[PDB]
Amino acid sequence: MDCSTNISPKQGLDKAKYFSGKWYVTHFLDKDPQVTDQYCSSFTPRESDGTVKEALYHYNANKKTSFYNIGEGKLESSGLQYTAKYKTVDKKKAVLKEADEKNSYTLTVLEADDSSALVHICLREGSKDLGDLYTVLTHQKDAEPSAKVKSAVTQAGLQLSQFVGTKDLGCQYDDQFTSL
């Protein structure tokens, strides 16, 4: 199961609405049924003159393990979209492993407003794709997304009823790490 070839960013989106503060994933849809562990995620993306750099956190809800990353790449000219390389870091943002240039993720913004966003992520590890991942984002953990963002979900051809909500998973976040 490859990522979809029919994902594009919403035109007209204000990048300022996306590159703000920290995001928490409130809801996710992973199209590959083979993927079984559920994660919580939070991240803080920043942009300067077309370069994106972001600090990312995952917590595996089933195992109570976590990992940290720093991603970096360039904004596409065509819309709010980037393909990032990523390194592995500790909680103090020291590098553990430099980026493997055979791996990347492509993040496409589908909607963003002051409180909420919807993004699509295609993670690739060499040959292999992870399958489509859709994440509904809010700035406050366990808040509901806006009506505008919920509309974006339907308009992406999805149903919110199918998403996993993270607020009931027993997440632990490292809010020190995502506060820049």
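Rigid core here is just the name for the largest C-alpha set that superposes within 1.5 Å across the two forms. Note that residue numbering follows the sequence shown and begins at 1.
Larger average C-alpha displacement in 7 other deposited structures of this protein, relative to the shown form after a rigid core fit, is seen for 95-103 when comparing 95-103 with 82-90. The segment moving more, judged by mean Cα distance from this form in 7 other deposited structures of this protein after a core overlay, is 119-127 among 53-61 and 119-127. Stretches compared: 47-55, 29-37. Higher mean C-alpha B-factor in the entry: 29-37.
Stretches 63-71 and 131-139 differ in mean CA B factor, with 63-71 having the higher one.
Ranked within its chain, residue 96 lands in the highest third, by CA B factor from the PDB record. Remark: residue 78 belongs to the highest third of its chain, ranked by C-alpha B-factor as recorded. Remark: residue 144 belongs to the highest third of its chain, ranked by C-alpha B-factor as recorded. Annotation for residue 125: C-alpha temperature factor in the highest third relative to the rest of the modelled chain, per the entry.
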